[PDB]
Structures are given as C-alpha cells and as structure tokens.
Amino acid sequence: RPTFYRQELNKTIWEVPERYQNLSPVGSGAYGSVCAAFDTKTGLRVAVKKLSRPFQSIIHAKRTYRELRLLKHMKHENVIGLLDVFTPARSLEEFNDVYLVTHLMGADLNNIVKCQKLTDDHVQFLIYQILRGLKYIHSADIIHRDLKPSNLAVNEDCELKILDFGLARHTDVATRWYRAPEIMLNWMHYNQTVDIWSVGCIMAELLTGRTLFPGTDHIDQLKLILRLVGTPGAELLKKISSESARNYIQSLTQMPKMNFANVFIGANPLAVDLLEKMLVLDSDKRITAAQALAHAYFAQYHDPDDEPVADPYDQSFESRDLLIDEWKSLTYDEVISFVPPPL
Ligand SMILES: O=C1c2ccc(Nc3ccc(F)cc3F)cc2CCc2ccc(OC[C@H](O)CO)cc21
Ligand SMILES: CCCCCCCCO[C@@H]1O[C@H](CO)[C@@H](O)[C@H](O)[C@H]1O
Ligand SMILES: CCCCCCCCO[C@@H]1O[C@H](CO)[C@@H](O)[C@H](O)[C@H]1O
C-alpha cells in the first residue's frame with residue numbers, strides 16, 4: 001500500500017498514489033472522468049480514469065464490476081488494457097472509489113480528422129488496427145456494440161486502441177450514425193458483425209471526410225442506410241418478426257443498391273471492395289473481423305501468425321441480479337487481486 005495524496009480538479013476530488021504525478025484533466029464521459037499523469041515508476045505517460053459514483057445503484061454497481069472485469073482481461077495492443085487499478089480505501093467497508101490506469105494515447109479518431117481526408121495508407125493502417133483488436137475482442141465472445149470515432153484512441157505513431165467508453169466532454173458525434181441496422185430495429189439477438197457495420201461506417205468516413213449516415217433520428221437513419229445499400233429483398237424481409245418495422249420498410253419507395261464504385265469515387269478500388277463486404281444489410285453475409293484481415297486491402301499488414309485470439313471470457317455474471325453490496329464486494333476482490341503487467 002503506497003502513499004496517496006489529494007487534489008481537486010474540476011470539482012472532482014482525486015486521491016492517487018504518488019507514483020502518478022502531474023495530473024492534468026483530459027475530459028469526461030457519463031461514467032467517469034479522465035486525467036493525464038506521469039507514472040514515475042514506469043516512466044510512461046498514463047491515463048487515469050476515476051469512475052463516477054461506481055455504486056450509486058444496481059446499474060452502476062454492475063457496470064463498475066463489468067468494466068473492471070473487462071479491462072482486466074484485455075491484453076492486446078489494439079485493445080485498451082490495464083497498467084494499474086487502485087482504491088484509496090483500506091477495507092471493503094469503506095470502499096467507494098475505483099481508479100483505472102492505462103497508457104496515455106493523447107487523442108481519439110474523432111479528433112484526428114479535423115473534418116478532413118486522410119491518405120489511403122493511414123486508412124489501411126487504421127482500419128487494420130481496428131479489425132485486429134476486433135478479431136481479438138470477438139474471439140472472447142464480446143461484442144463492442146458502440147464502435148464510433150470517439151471510442152478509438154490514437155497516438156502520434158498512428159497507433160490505435162479500442163476504448164470501452166470514450167469522452168463525451170473534452171477539457172481542451174452521435175452513436176446512431178454507426179449502429180448496425182439490426183440494432184436500430186431492436187433485434188433481441190445479434191452477432192458480432194454488428195461491430196463490422198460500424199467499422200464500415202468509420203472507414204467510409206475516413207476515405208471521404210464525411211459521415212456515411214448522418215441521420216437526424218432513428219427513422220431518418222434507416223432511410224439513409226436503405227438509400228445506399230438498397231431496400232431489402234424478400235429473403236431478408238422474411239426475417240423481421242415485427243409487423244410495424246416490416247410495414248415501415250415495405251411502405252418505403254423501394255430503392256436499388258448503389259454502385260459503391262460511384263459513391264466512393266477516387267478511393268482505392270480495394271478499399272471500395274472491402275466496404276461492399278462490410279456494409280451488407282444481412283448480418284449473415286457481412287465479412288467477419290478475421291476474414292477482413294485476409295482481404296487484399298491489408299496485404300502490406302496482414303499476418304495470421306501475429307493476429308492473436310483472446311483467452312475465453314466468463315460472461316456468466318452478465319445474467320445475475322445481485323445486490324449493490326455483492327456487486328461491490330466482487331469489484332473489491334478484483335481491485336485486490338490485480339497483477340500488473342511487467343515493464
Ligand atoms: O489516451 C486517451 C484516453 C485514455 C484512456 C481513456 N479511458 C480510459 C480507459 C481505461 C482506463 F483504464 C483508463 C482510461 F483513462 C480515454 C481516453 C480518451 C481519448 C483521449 C483523448 C484525448 C487524450 O489526450 C488529450 C491531451 O490533451 C493530450 O494531448 C487522451 C485520450
Ligand atoms: C475494452 C474492449 C471491450 C469493449 C466492450 C464495451 C463495453 C460497453 O458496453 C456498452 O454499454 C452501453 C450502455 O447501455 C451499451 O448501449 C453499448 O452498446 C455498449 O457498448
Ligand atoms: C435497414 C432495415 C433493414 C433491416 C435488415 C437488417 C438485417 C439484419 O440481419 C439479420 O440479423 C439477424 C440477427 O440479428 C439474423 O438472424 C438474420 O439472418 C440476419 O439477416
């Protein structure tokens with residue numbers, strides 16, 4: 001147990017072990033806020049996230065445990081991971097606060113457009129890194145569900161890491177634009193290629209410099225999607241159980257599929273080809289993360305000997321209805337049992 005010190009930053013109070021110096025606010029999300037700091041022990045620049053009100057309620061309590069159990073498991077260079085987790089508290093009885101530490105990264109993909117086009121070779125490297133971490137996350141049976149630009153952390157080296165949650169507020173971007181259609185129609189079931197649609201939307205935005213589907217609401221969103229990929233045929237229509245949605249889609253001016261080739265004019269025809277394969281309405285035919293790595297577009301990066309899969313991940317807790325106290329005590333066990341990686 002190290003020596004802690006306190007500081008106030010933006011009316012958040014921070015209590016941290018002194019190894020972390022020069023705390024500097026970077027921003028906040030719904031579930032906590034994030035500081036940049038210097039880790040004197042390791043010599044690295046780090047991001048420390050103070051969870052906000054971890055244990056306000058069964059929802060929060062279970063979310064905190066989820067996050068701690070999630071980030072403890074991720075060990076892959078395209079997936080954010082844990083350098084440290086700590087609590088200022090000395091017993092379970094006084095346990096209230098969770099801090100999580102990771103590599104400082106310095107920006108998010110939202111922040112490294114400036115509304116602008118990147119060259120074909122950054123796109124390749126970027127979408128590559130995303131898919132590479134995606135292969136890994138999916139191999140653990142996890143589905144991200146909310147892959148968007150702000151959920152992607154990138155450094156000066158154009159090295160990229162998938163965040164669990166990115167920042168809504170920066171000290172110094174709508175979900176729906178990137179959501180697979182099956183999720184917008186509240187399908188009670190999906191597969192992992194839900195994230196692939198998202199990668200498609202991101203990719204598209206990088207090559208063109210503009211959002212693929214800037215829907216003003218969830219209905220507008222679908223209208224936009226259908227315009228590009230065309231209204232669904234019968235074999236897809238047979239699969240929607242809900243009359244209201246079916247009736248809506250069928251009540252639409254039926255639209256043909258566009259020539260992606262005419263819409264992504266200018267782009268590496270290989271790029272274009274990958275898009276076709278990611279942005280298919282029917283989740284059964286979208287290319288997977290592991291398949292897309294083998295798509296020619298990534299030839300200068302692909303290496304199946306260096307595209308690792310994850311240890312299997314116990315998600316049984318996801319189905320349990322426990323008390324705040326139990327959820328709390330589980331999280332605590334996880335703070336306590338934390339093994340840091342080697343430097
Ligand atoms: O690196 C970044 C990062 C890192 C982590 C994290 N959440 C998180 C997740 C898990 C964990 F354990 C600890 C955590 F902090 C969220 C982000 C947000 C994207 C971002 C945006 C801007 C940045 O720098 C602005 C400065 O001004 C320097 O230029 C840095 C980062
Ligand atoms: C760190 C790599 C693992 C990524 C897993 C992301 C875990 C976040 O789970 C999130 O909870 C939200 C709140 O209801 C959901 O709506 C989002 O779809 C989901 O991404
Ligand atoms: C934009 C409106 C079109 C809606 C079509 C979305 C197609 C969703 O795709 C469906 O995913 C299901 C699981 O989620 C699978 O059981 C189906 O086979 C698959 O077609």
# chains A, B, ... in the order shown; residues from 1 in each chain; ligands from 1
>>> residues_around(residues="range 136-148 of chain A", least_positions_apart="6", cutoff="6 Å", atoms="only C-alpha atoms", output="PDB file with N, CA and C atoms, in the first residue's frame")
ATOM      1  N   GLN A 192     -21.659 -10.785 -33.928  1.00  0.00           N
ATOM      2  CA  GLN A 192     -20.541  -9.900 -33.718  1.00  0.00           C
ATOM      3  C   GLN A 192     -20.303  -8.876 -34.832  1.00  0.00           C
ATOM      4  N   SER A 198     -20.083  -1.070 -38.058  1.00  0.00           N
ATOM      5  CA  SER A 198     -19.561   0.164 -37.503  1.00  0.00           C
ATOM      6  C   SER A 198     -18.217   0.497 -38.160  1.00  0.00           C
ATOM      7  N   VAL A 309      -5.810 -14.410 -30.795  1.00  0.00           N
ATOM      8  CA  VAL A 309      -7.124 -14.532 -30.204  1.00  0.00           C
ATOM      9  C   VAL A 309      -7.059 -14.474 -28.667  1.00  0.00           C
ATOM     10  N   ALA A 310      -8.197 -14.232 -28.035  1.00  0.00           N
ATOM     11  CA  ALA A 310      -8.236 -13.975 -26.599  1.00  0.00           C
ATOM     12  C   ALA A 310      -8.454 -15.239 -25.801  1.00  0.00           C
ATOM     13  N   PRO A 312     -10.662 -17.341 -23.147  1.00  0.00           N
ATOM     14  CA  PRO A 312     -12.120 -17.290 -23.102  1.00  0.00           C
ATOM     15  C   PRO A 312     -12.565 -16.467 -21.877  1.00  0.00           C
ATOM     16  N   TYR A 313     -13.708 -15.803 -22.004  1.00  0.00           N
ATOM     17  CA  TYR A 313     -14.052 -14.747 -21.066  1.00  0.00           C
ATOM     18  C   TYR A 313     -15.362 -15.047 -20.345  1.00  0.00           C
TER      19      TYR A 313
END
>>> residues_around(residues="residue 232 in chain A", least_positions_apart="5", cutoff="9 Å", atoms="only C-alpha atoms", output="VMD selection string")
chain A and resid 226 237 249 to 250 254 to 255 281 to 282
>>> write_last_selection(atoms="C-alpha atoms", output="compact mmCIF listing (two decimals), in the first residue's frame")
# COMPACT_ATOMS: atom_id res chain seq x y z
CA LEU A 226 -31.57 1.95 -47.40
CA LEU A 237 -37.92 -9.47 -45.36
CA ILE A 249 -39.62 -0.74 -44.68
CA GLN A 250 -42.11 -2.13 -47.17
CA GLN A 254 -38.20 0.63 -52.83
CA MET A 255 -34.63 1.66 -53.67
CA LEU A 281 -27.79 -5.29 -44.55
CA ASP A 282 -27.98 -9.06 -43.91
>>> residues_around(residues="residue 154 in chain A", least_positions_apart="3", cutoff="8 Å", atoms="only C-alpha atoms", output="ChimeraX atom specification")
/A:105-109,157-161
>>> closest_atom_pairs(of="chain A", to="ligand 3", cutoff="8 Å", atoms="only C-alpha atoms and all ligand atoms", output="CSV")
residue,atom,partner,partner_atom_place_in_ligand_line,distance
A:180,CA,ligand 3,6 (C),7.6
A:181,CA,ligand 3,1 (C),4.9
A:182,CA,ligand 3,6 (C),4.4
A:183,CA,ligand 3,14 (O),7.5
A:185,CA,ligand 3,4 (C),7.1
A:187,CA,ligand 3,14 (O),5.8
A:188,CA,ligand 3,14 (O),7.6
A:189,CA,ligand 3,14 (O),5.1
A:190,CA,ligand 3,14 (O),3.8
A:191,CA,ligand 3,14 (O),6.1
A:222,CA,ligand 3,1 (C),4.9
A:223,CA,ligand 3,1 (C),7.4
A:225,CA,ligand 3,1 (C),6.1
A:226,CA,ligand 3,1 (C),5.7
A:231,CA,ligand 3,3 (C),7.3
A:232,CA,ligand 3,3 (C),6.2
A:236,CA,ligand 3,20 (O),5.7
A:237,CA,ligand 3,5 (C),7.6
A:239,CA,ligand 3,17 (C),6.3
A:240,CA,ligand 3,4 (C),7.5
A:249,CA,ligand 3,2 (C),6.5
A:281,CA,ligand 3,7 (C),4.8
A:282,CA,ligand 3,9 (O),3.9
A:283,CA,ligand 3,9 (O),4.0
A:284,CA,ligand 3,18 (O),5.2
A:285,CA,ligand 3,20 (O),8.0
>>> atom_distance(atom1="CA of residue 197 in chain A", atom2="CA of residue 124 in chain A")
16.6 Å
>>> decode(residues="range 281-308 of chain A", atoms="N, CA and C atoms", output="compact mmCIF listing (two decimals), in the first residue's frame")
# COMPACT_ATOMS: atom_id res chain seq x y z
N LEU A 281 -26.67 -5.26 -45.50
CA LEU A 281 -27.79 -5.29 -44.55
C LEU A 281 -27.90 -6.59 -43.75
N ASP A 282 -27.81 -7.71 -44.46
CA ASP A 282 -27.98 -9.06 -43.91
C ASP A 282 -26.78 -9.49 -43.09
N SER A 283 -26.93 -9.52 -41.76
CA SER A 283 -25.80 -9.76 -40.86
C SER A 283 -25.14 -11.09 -41.12
N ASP A 284 -25.87 -11.98 -41.76
CA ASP A 284 -25.36 -13.30 -42.13
C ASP A 284 -24.30 -13.24 -43.21
N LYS A 285 -24.27 -12.17 -43.99
CA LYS A 285 -23.27 -12.12 -45.06
C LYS A 285 -22.15 -11.13 -44.86
N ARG A 286 -22.18 -10.31 -43.80
CA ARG A 286 -21.10 -9.37 -43.57
C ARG A 286 -19.85 -10.14 -43.23
N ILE A 287 -18.75 -9.72 -43.82
CA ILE A 287 -17.44 -10.30 -43.60
C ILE A 287 -17.08 -10.17 -42.10
N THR A 288 -16.38 -11.14 -41.52
CA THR A 288 -16.04 -11.00 -40.09
C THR A 288 -14.76 -10.24 -39.94
N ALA A 289 -14.45 -9.85 -38.71
CA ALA A 289 -13.16 -9.30 -38.40
C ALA A 289 -11.99 -10.16 -38.92
N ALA A 290 -11.93 -11.44 -38.54
CA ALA A 290 -10.89 -12.40 -39.01
C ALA A 290 -10.80 -12.58 -40.53
N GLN A 291 -11.94 -12.56 -41.21
CA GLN A 291 -11.90 -12.63 -42.67
C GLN A 291 -11.34 -11.36 -43.28
N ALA A 292 -11.75 -10.19 -42.77
CA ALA A 292 -11.37 -8.90 -43.37
C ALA A 292 -9.89 -8.65 -43.27
N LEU A 293 -9.26 -9.22 -42.24
CA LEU A 293 -7.80 -9.16 -42.11
C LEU A 293 -7.10 -9.80 -43.32
N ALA A 294 -7.73 -10.81 -43.91
CA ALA A 294 -7.18 -11.52 -45.06
C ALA A 294 -7.61 -10.90 -46.37
N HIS A 295 -8.25 -9.75 -46.33
CA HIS A 295 -8.70 -9.10 -47.56
C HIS A 295 -7.51 -8.33 -48.10
N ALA A 296 -7.28 -8.45 -49.41
CA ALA A 296 -6.10 -7.89 -50.10
C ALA A 296 -5.73 -6.47 -49.64
N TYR A 297 -6.75 -5.66 -49.38
CA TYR A 297 -6.58 -4.30 -48.90
C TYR A 297 -5.56 -4.16 -47.75
N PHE A 298 -5.37 -5.22 -46.97
CA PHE A 298 -4.47 -5.16 -45.82
C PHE A 298 -3.16 -5.94 -46.05
N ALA A 299 -2.90 -6.23 -47.32
CA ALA A 299 -1.82 -7.13 -47.70
C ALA A 299 -0.51 -6.69 -47.08
N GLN A 300 -0.20 -5.40 -47.16
CA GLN A 300 1.06 -4.92 -46.58
C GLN A 300 1.13 -4.95 -45.04
N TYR A 301 0.05 -5.42 -44.39
CA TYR A 301 -0.03 -5.50 -42.92
C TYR A 301 -0.44 -6.90 -42.42
N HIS A 302 -1.33 -7.56 -43.14
CA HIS A 302 -1.83 -8.89 -42.72
C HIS A 302 -0.70 -9.81 -42.26
N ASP A 303 -0.89 -10.49 -41.13
CA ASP A 303 -0.01 -11.61 -40.75
C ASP A 303 -0.71 -12.54 -39.78
N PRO A 304 -1.19 -13.70 -40.27
CA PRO A 304 -2.03 -14.56 -39.42
C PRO A 304 -1.29 -15.15 -38.24
N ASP A 305 0.04 -15.05 -38.26
CA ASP A 305 0.86 -15.53 -37.16
C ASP A 305 0.94 -14.49 -36.05
N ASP A 306 0.49 -13.27 -36.35
CA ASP A 306 0.57 -12.13 -35.45
C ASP A 306 -0.82 -11.49 -35.30
N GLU A 307 -1.87 -12.30 -35.35
CA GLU A 307 -3.21 -11.77 -35.14
C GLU A 307 -3.91 -12.65 -34.10
N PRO A 308 -3.53 -12.46 -32.82
CA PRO A 308 -3.87 -13.35 -31.71
C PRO A 308 -5.31 -13.27 -31.26
